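So the chains spell out like this:
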Number of protein chains: 2
Amino acid sequence: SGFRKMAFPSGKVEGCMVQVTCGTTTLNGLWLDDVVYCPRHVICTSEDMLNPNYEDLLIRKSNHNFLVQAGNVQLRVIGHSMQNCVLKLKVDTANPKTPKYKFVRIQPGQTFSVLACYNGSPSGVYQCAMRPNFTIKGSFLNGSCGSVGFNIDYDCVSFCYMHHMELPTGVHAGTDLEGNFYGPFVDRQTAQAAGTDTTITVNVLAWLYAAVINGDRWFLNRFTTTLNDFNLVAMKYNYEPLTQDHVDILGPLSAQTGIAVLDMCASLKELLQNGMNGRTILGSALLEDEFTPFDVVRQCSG
Amino acid sequence: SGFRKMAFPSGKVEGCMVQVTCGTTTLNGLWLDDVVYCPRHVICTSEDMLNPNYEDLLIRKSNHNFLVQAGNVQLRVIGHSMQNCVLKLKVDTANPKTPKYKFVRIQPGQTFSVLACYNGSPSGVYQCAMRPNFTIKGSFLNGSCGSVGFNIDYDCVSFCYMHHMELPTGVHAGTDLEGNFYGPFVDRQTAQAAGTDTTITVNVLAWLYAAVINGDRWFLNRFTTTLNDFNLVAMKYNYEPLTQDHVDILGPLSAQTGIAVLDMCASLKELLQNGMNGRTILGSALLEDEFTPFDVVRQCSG
Ligand SMILES: N#Cc1ccccc1C[C@@H](N)C(=O)N[C@H](Cc1ccc(Cl)cc1Cl)C(=O)N[C@H](CC(=O)NCCCc1cccnc1)Cc1ccc(F)cc1
Ligand SMILES: N#Cc1ccccc1C[C@@H](N)C(=O)N[C@H](Cc1ccc(Cl)cc1Cl)C(=O)N[C@H](CC(=O)NCCCc1cccnc1)Cc1ccc(F)cc1
Ligand SMILES: [Cl-]
Ligand SMILES: [Cl-]
Ligand SMILES: [Cl-]
Ligand SMILES: [Cl-]
Ligand code: NA
Ligand code: NA
């Protein structure tokens, strides 16, 4: 029993974290086989950051300009390139701790584990969702850029996020591991605003099913609703529209609990319209949207 | 910026997790050097569980009765003993992945990271506090017994919890790594009730300081209170008494934010008496008590 924000075990990613230094700029890199991946803005000075031309800055770099440290052993760089917003440094040593891995670009509403690192050294692990506005609400300090987000499936690490910057609002933006930003953001030190955010409806419903599986039932009701009438209430409360695909994804949880998806939507509708009136769900006094249906199935009983 | 429930990187503990089997009973064990540690009730059958005499059951065991698997390699047991409620199995191979480590018995209100494991294989990591009633509100399914809780300080793993059982209320009980239960519990399959729980006051205050550090200030006020008058309100809301030692521990956070501890207590008093009135603190609509002052300092900016 019980339900917790749960990260993947981080060991396989810990063995890949390194430190990349260019002059006075140091951030984290990811060492897989003989390649180190890190944010390309490591080649920027504090002056270059307002509006860099990265093609210019990179062509002016030498391999010996890059200081790569794994633990306390320096890795010699033998080649460098740029793929979108990530720098790729070829090193002369393949990482002996390289896990089985994939790079994947995720959709908003999907979750991943973040290994927050400083100077190539892991400090903590936590669970994040990609917000509908392509930011993440992370916990990051100066020096954390280059930390990665990931999922694990049967000892294969699927890397999906590399951290690039904190916005003026204190939320966080970055790329997939091929250097493409999530959202409209760019890697320059200017004030960038994210789009207006929305609540991840399919995830809230997943989490209501988690609660039922764990014995919370006080919010259920005898009513049901149609998809259309539910979405009318969803739009009013800044919730993402619920699609038929979302309904089908919630199939397994619906079947395990015996509660039709549209039955659960009537509960959510009532919770949005009336609040909780002091009660809690899975220890929360608000509706939680950073658990996917997959997260719930993974953590909850069969 | 940002504030998340944050676990320690779990890699060093992942390399120690094994599987221990006695007949039809399998749980998780911890392999450090040439010793495997696991709950002693692995030597119980489903019948023995109502009221075992463990001295009896253990003296009837042979080394070859214990099946210990690390990954897919079987470890041969060469000796066994019992220390309180933990079984100790000497194996012929020292764990090459053994980290620097300590065993520590923690106080209620302290937090630790849990590596939830099934059949010797890690599945997830999350943060827990030891409740004042010596339970933890974990996330555990059948097969998780033997999973450990831990803190990490400069590459030393301080193991503090081994999981032994879920109570009828769905909360969780276990021991330190020398086999002493936290709280009054015993390892037999009977319905055991925990004492009435209380909220960890010093931790709530730490978390209010985290919020200030992160820019949440709406709950502050110009008032202050004495320790005695605060504790009068604390008792009324089932909060632990705040001690002078708690005040002194909150010193660093108080100094960083410029907010006297007893100033912050006046905010907590007002929050207890009036609620939040729909507002949130660090994304929470209730007062959070599973972050210690140390957790806040570790995660927040200087
Ligand atoms: N994580 C992280 C992090 C956090 C703090 C310091 C450092 C780092 C890592 C570090 N690497 C990095 O992100 N630095 C970028 C600057 C930057 C570097 C490189 C690139 Cl490519 C792009 C950018 Cl924008 C950075 O300083 N952002 C600040 C961070 C900041 O002051 N928050 C205060 C929010 C306060 C707040 C809280 C709650 C509600 N409301 C407001 C915001 C900002 C300001 C002016 C800009 F014009 C652009 C961005
Ligand atoms: N984690 C975990 C876990 C969870 C589920 C299954 C298995 C395990 C691991 C496993 N190893 C283990 O804990 N099994 C013990 C039995 C046991 C084994 C060994 C020892 Cl030494 C002591 C005990 Cl008590 C176990 O089944 N407990 C159940 C678990 C249970 O039904 N919860 C339902 C709660 C429902 C609920 C939810 C919310 C609010 N209200 C109620 C509760 C219980 C029942 C009768 C007893 F008489 C004693 C304990
Ligand atoms: Cl060169
Ligand atoms: Cl680009
Ligand atoms: Cl023997
Ligand atoms: Cl005992
Ligand atoms: Na977590
Ligand atoms: Na966590």
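Procedures and definitions
- Residues numbered from 1 in each chain as written, not as in the entry; some residues may be left out.
- Chains lettered and ligands numbered in written order.
- Heavy atoms only, no water.
- Helix = DSSP H or I, 4+ residues; strand = E, 2+ residues; numbered from the N terminus.
- Contact = heavy atoms within 4.5 Å.
- Areas by Shrake-Rupley, 256 points an atom, 1.4 Å probe, with all protein chains shown as cover.
- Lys, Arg positive; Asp, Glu negative; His and termini not counted.
- Charge placed at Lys NZ, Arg CZ, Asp CG, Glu CD.
- Least-squares fit on C-alpha atoms.
- Salt bridge = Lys/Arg side-chain N within 4 Å of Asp/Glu carboxyl O.
- Buried area = accessible area lost by both parts, 1.4 Å probe.
- Near = heavy atom within 4 Å.
- Polar contact = N/O pair within 3.5 Å; in protein donor to acceptor, adjacent residues only side chain to side chain.
- Nonpolar A, V, L, I, M, F, W, Y, C, P; charged D, E, K, R; others polar.
- Core = buried A, V, L, I, M, F, W, Y, C linked by side-chain atoms within 4.5 Å.
- Buried < 20%, exposed > 50% of the residue type's maximum accessible area, 1.4 Å probe, protein only.
- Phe/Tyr/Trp six-rings, centres within 6.5 Å; stacked < 30°, edge-to-face > 60°.
- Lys NZ or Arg CZ within 6 Å of the ring centre and 35° of its normal.
- Expected span 1.5 Å × (residues − 1).
- Domains from an automatic or database assignment.

Under the PDB entry, the name given to chain A is 3C-like proteinase nsp5, and the source organism is Severe acute respiratory syndrome coronavirus 2. In the PDB, the structure is listed with the title "Crystal structure of SARS-CoV-2 3CL protease with inhibitor 29".

Some details on the overall build of chain A
Looking only at helices and strands, chain A has eight helices and 13 strands in total. Counting only C-alpha atoms and orienting by the principal axes, one finds that chain A spans roughly 70 × 40 × 30 Å. Long-range pairs, those at least 24 residues apart, make up 64% of the contacts in chain A between residues at least 6 apart in sequence. Surface accessibility of chain A: about 13000 Å² in total, with carbon and sulfur atoms responsible for 49%. Charge-centre separation for chain A: the mean point of 22 positive side chains lies 3 Å from the mean point of 26 negative side chains.

Side note on the relation of the copies chain B and chain A
Take chain B, turn it by 180°, move it 0.0 Å along the axis, and it overlays chain A with an RMSD of 0.0 Å. Here the symmetry operator amounts to a two-fold rotation axis. Among all residues of chain B, the one whose C-alpha sits closest to the rotation axis is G11 of chain B, at a distance of 1.7 Å. With an isologous cut-off of 70% or more, the 100% of interface residues of chain B that recur at the interface of chain A puts this contact in the isologous class.

Structural notes on the pattern of salt bridges
Considering all chains together, one arrives at 18 salt bridges over all chains under this definition. The partner of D155 of chain A in a salt bridge is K12 of chain A, with the nearest N and O atoms 3.0 Å apart. In this pair, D155 of chain A sits in the loop between β11 (148-153) and β12 (156-166) while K12 of chain A sits in helix α1 (residues 11-14), placing the two residues 143 residues apart along the sequence. In this structure, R40 of chain B engages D187 of chain B in a salt bridge whose closest nitrogen and oxygen atoms are separated by 2.8 Å. A residue pair is termed long-range when its members are at least 10 positions apart, and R40 of chain B in the loop between β3 (35-39) and α2 (54-59) and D187 of chain B in the loop between β13 (172-175) and α3 (201-213) qualify at 147 residues.

Quick word on the interface of chain B and chain A
Taken residue by residue, the interface counts 39 residues in chain B and 39 residues in chain A. Summed over both partners, the interface of chain B with chain A comes to about 2600 Å²; 50% of that surface belongs to carbon and sulfur atoms. A per-residue breakdown of the area chain B buries against chain A is headed by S1, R4 and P9 of chain B, which together make up 27% of the total. Run the count over chain B and chain A and you get two salt bridges. The salt bridge involving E290 of chain B is made with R4 of chain A; its shortest N-O contact spans 2.9 Å.

Observations concerning the site of ligand 2
Not every one of the 22 residues close to ligand 2 is listed here, only the nearest: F140, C145, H163, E166 and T190 of chain B. The environment of ligand 2 is shared, with nearby residues belonging to chains A and B. For ligand 2, a nitrogen atom lies 2.8 Å from a polar atom in the side chain of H163 of chain B. Expressed as a share of its isolated accessible area of 940 Å², the protein-covered part of ligand 2 is 68%. Tallying contributions element by element places strand β12 (residues 156-166) of chain B first for the shell around ligand 2, with three residues. Per-class residue counts for the shell around ligand 2 are eight nonpolar, 11 polar and three charged.

Quick word on the nonpolar core
Formed by 40 residues in total, the largest nonpolar core has its most connected members in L30 and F159 of chain A together with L30 and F159 of chain B. Residues within four places of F159 of chain B in sequence aside, it is in contact with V13, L30, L32, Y101, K102, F103, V104, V148, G149, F150 and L177 of chain B.

Here's the deal with the packing of aromatic side chains
Scanning all chains against the criterion turns up 16 aromatic pairs over all chains. Here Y37 of chain A and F103 of chain A contribute two aromatic rings whose centre-to-centre distance is 5.3 Å and whose plane-to-plane angle is 90°, an arrangement assigned as edge-to-face. Pair noted here: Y37 of chain A is in strand β3 (residues 35-39) and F103 of chain A is in strand β8 (residues 100-103), with a separation of 66 residues, a long-range link. Here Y37 of chain A falls in the buried class, since its relative accessible area comes to 8%. One aromatic cluster is present, built from ring pairs that chain together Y37, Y101, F103 and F159 of chain A. Against the face of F66 of chain A rests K61 of chain A, its NZ or CZ located 4.7 Å from the ring centre. One cation-aromatic arrangement involves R105 of chain B over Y182 of chain B; the distance from NZ or CZ to the ring centre is 4.5 Å.

Structural notes on helix α7 (residues 261-274) of chain A
An α-helix turns once every 3.6 residues. As a result, residues three or four positions apart point the same way. Residue and element names in this part refer to chain A. In a regular helix each residue adds 1.5 Å, so 14 residues correspond to 20 Å; α7 covers 20 Å between its end C-alpha atoms and thus fits that length. Residues of α7 that are buried: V261, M264, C265, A266, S267, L268, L271 and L272. In this fold, the buried residues of α7 make contact with α3 (201-213), α4 (227-236), α5 (244-249) and α6 (251-257).

A word on the domain arrangement of chain A
We note that the domain assignment places domain 1 (1-14 + 100-197), domain 2 (15-99) and domain 3 (198-301) within chain A. Here the C-alpha centre of domain 3 of chain A lies 44 Å away from the C-alpha centre of domain 2 of chain A.

As for the environment of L27 of chain B
Residue and element names in this part refer to chain B. With respect to the secondary-structure elements, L27 resides in strand β2 (residues 25-32). The class for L27 is buried, based on a relative accessible area of 3%. C-alpha separation for the pair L27 and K90, spaced 63 residues apart in sequence, amounts to 17 Å. Here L27 is in contact with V18, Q19, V20, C38, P39, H41, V42 and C145, once residues within four sequence places are set aside.

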